[PDB]
Amino acid sequence: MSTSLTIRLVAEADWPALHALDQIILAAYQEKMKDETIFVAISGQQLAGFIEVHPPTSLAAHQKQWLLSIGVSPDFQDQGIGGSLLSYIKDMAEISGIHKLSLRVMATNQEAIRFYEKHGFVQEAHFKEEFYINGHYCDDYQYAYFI
Amino acid sequence: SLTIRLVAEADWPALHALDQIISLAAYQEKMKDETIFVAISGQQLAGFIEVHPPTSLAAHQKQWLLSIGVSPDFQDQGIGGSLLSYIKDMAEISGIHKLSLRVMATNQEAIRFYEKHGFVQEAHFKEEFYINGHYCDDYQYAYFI
Amino acid sequence: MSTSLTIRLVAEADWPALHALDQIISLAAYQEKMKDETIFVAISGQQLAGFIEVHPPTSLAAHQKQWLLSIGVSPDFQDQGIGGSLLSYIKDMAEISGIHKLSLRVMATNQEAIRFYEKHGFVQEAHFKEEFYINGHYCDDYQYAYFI
Amino acid sequence: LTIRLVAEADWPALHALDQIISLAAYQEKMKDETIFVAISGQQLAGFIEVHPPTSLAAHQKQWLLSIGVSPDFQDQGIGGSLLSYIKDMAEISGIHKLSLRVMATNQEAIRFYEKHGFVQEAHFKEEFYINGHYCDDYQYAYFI
Ligand SMILES: [Mg+2]
Ligand SMILES: [Mg+2]
């Protein structure tokens, strides 16, 4: 009859599910990721995805920017999880005083490129021959969103 | 009389001073493991160039992020160009494919410098650095060995 | 009178001599096939006395901080410490290049190379038994490593 | 459970197994490769791949092995059946030695190969650079 999708800050009970999801795409993780700001997408009563944010560097001059990372579960594909997370982060950023969101995406990653551009991100960088992968060099883009 | 070679224990008190113009035991403990090549005119430290990969990523280890410092008393002597040309040769043997660095949109003379020596623009980061109420642009420049 | 030994990166001029040497240990065939390669040369007087060649053991990114090494010394420049001087130079070069580890493989029967590498601080990391097939028989091989 | 070489019909499920452990790029990538697949009732349970470790003539009596097993088909002894199969195949192909490399941290692969008679030949220290840290590797061998 109905479905519900909730996005909220990560809670203690989430970590078993998060640790599990991060493997698909124990307490060391739980320690590591409490230095980290994570928001969680809950579909019904299951973890469907997360968005994680942190300033791109430790520089004070960088503290008004969030580098972002999205993870969507293999069991919650194609239900707008990615977009709901982006929308929520843009709203959180506005109140947090964050001026700018960014991330990097591999040139060959057409789906991510289209996703972020669809969500109003613009290309700021084309890093050519940027990453060495098994004998070849791969290009990378940086995308930005202005709150 | 220009000799470029790697850093020695003799260079550290002279290198600490050129750093101030852009604690003495704190700096030698921060710069200890670092790859630093030093420029010597006569028997004086004219400048330096520091290189490290941009990140710890394995996929990034064929790239050098570079840092150049030139002494106030050694301007116009082409110290920068000699340092840079030296690192391009070193890169070629170290297996380094790409050189990069970032420069503030306002540092017009660093931009000119890097353009003059064959670097091309790869990034224009808008409103990137927050400085006293204002946002400032950054550029990334790259050189392909 | 006086004797000089210099080690430096290979130069276009060296290639005729390098070609002739590798035939013991043409113009473009050897020269381009080895143009991408990182080769250093030992020059004794102004003749080519030997070389050391280095590259990562594989193309994997995770392997890019290691050099697999090969040394060649001329039959006309035996027993004058060329091998050791090349080894010393490469270890210093690796330190500036950010290279963490040197390695190579040596046939179990090659007692002199074993002694040479062990003398130069390389430690055995592998004993590959019955590893190479050679005219009816299987031969063992070691891997040696040096930690910069 | 049936073990046979790869067929021209196995590629949509075999590529699918790879992503967990492009279909046009992958079929092309594994065109001429020696692969045996484990089938549990018209279902792809696992696979084993073998090639000489190098192009050296002197290495041609050796197989480097790679094993993959489906997430659905764990604990079914699929791994062991593939190995046992390749041990018998090696015997007739004239292969003298089987080998592979295993990360020091992959305890469960090490136990697996040890259980099936492989012995350690190498311990490569600080061998793989991974995000700022260096990681050990082992080589394991089986003698036919
Ligand atoms: Mg919105
Ligand atoms: Mg030495």
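Just so we're on the same page: letters track the sequence lines, and every chain starts at 1. All values below come from the heavy atoms of this structure, side chains included, with hydrogens, waters and symmetry mates left out.
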query = So, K98(B) side chain and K128(A) main chain: donor-acceptor pair closer than 3.5 Å or not?
reply =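 Yes.
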task = Indicate yes or no for a side-chain donor-acceptor contact from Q63(A) to the backbone of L59(A) under 3.5 Å, with no hydrogens or angles considered.
result =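 A pair under 3.5 Å: yes.
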Gap between atom [atom2] of [Y] and atom [atom1] of [X] - 0.5 Å precision:
X       : Y       : atom1 : atom2 : value
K62(B)  : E130(A) : NZ    : CD    : 14.0 Å
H120(C) : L102(C) : NE2   : CG    : 12.5 Å
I96(B)  : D89(B)  : CD1   : CG    : 14.0 Å
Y130(B) : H99(A)  : OH    : NE2   : 10.5 Å
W15(C)  : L27(C)  : CH2   : CG    : 12.0 Å
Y29(A)  : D22(A)  : OH    : CG    : 3.5 Å

message = Looking at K118(A), I want to see if its NZ is surrounded by more than 12 non-hydrogen atoms of other residues, nucleotides or ligands under 6.0 Å.
response =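 Not more than 12 within 6.0 Å, no.
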query = In terms of heavy-atom contacts, does CD1 of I131(B) have more than 12 from other residues, nucleotides or ligands at under 6.0 Å?
reply =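 Yes.
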key: Nearest atoms (heavy-atom pairs only) where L86(A) meets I51(A)   =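 Shortest heavy-atom separation between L86(A) and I51(A) comes out as CD2-CD1, 4.4 Å.
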task = Would you mind reporting whether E92(B) and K88(B) have side-chain heavy atoms less than 4.5 Å apart?
result =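 No, too far: nothing below the 4.5 Å cut-off.
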request  = Measure the acute angle between the ring planes of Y144(C) and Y142(C), then classify it against the limits of 30° and 60° as parallel, tilted or perpendicular.
outcome  =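 Perpendicular.
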query = With sequence neighbours left out, what residues match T54(D) under side chain to side chain donor-acceptor pair (under 3.5 Å)?
reply =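 Side chain to side chain donor-acceptor pair (under 3.5 Å) list for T54(D), sorted by chain: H59(D).
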request  = Just jot down the ring-ring contact (aromatic ring centres under 6.0 Å, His included) partners of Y89(C), sequence neighbours excluded, or say none.
outcome  =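 If we apply the ring-ring contact (aromatic ring centres under 6.0 Å, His included) test to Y89(C), skipping adjacent residues, the hits are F40(C).
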request  = List in chain and number order the residues that pass ring-ring contact (aromatic ring centres under 6.0 Å, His included) with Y146(C), two or more places apart in sequence or in another chain; answer none if no residue qualifies.
outcome  =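 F122(C).
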ask   = Between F124(D) and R101(D), is there a cation-pi geometry (under 6.0 Å to ring centre, at most 45° from the normal)?
value =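 Positive - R101(D) is close enough to the ring of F124(D) and near enough to its axis.
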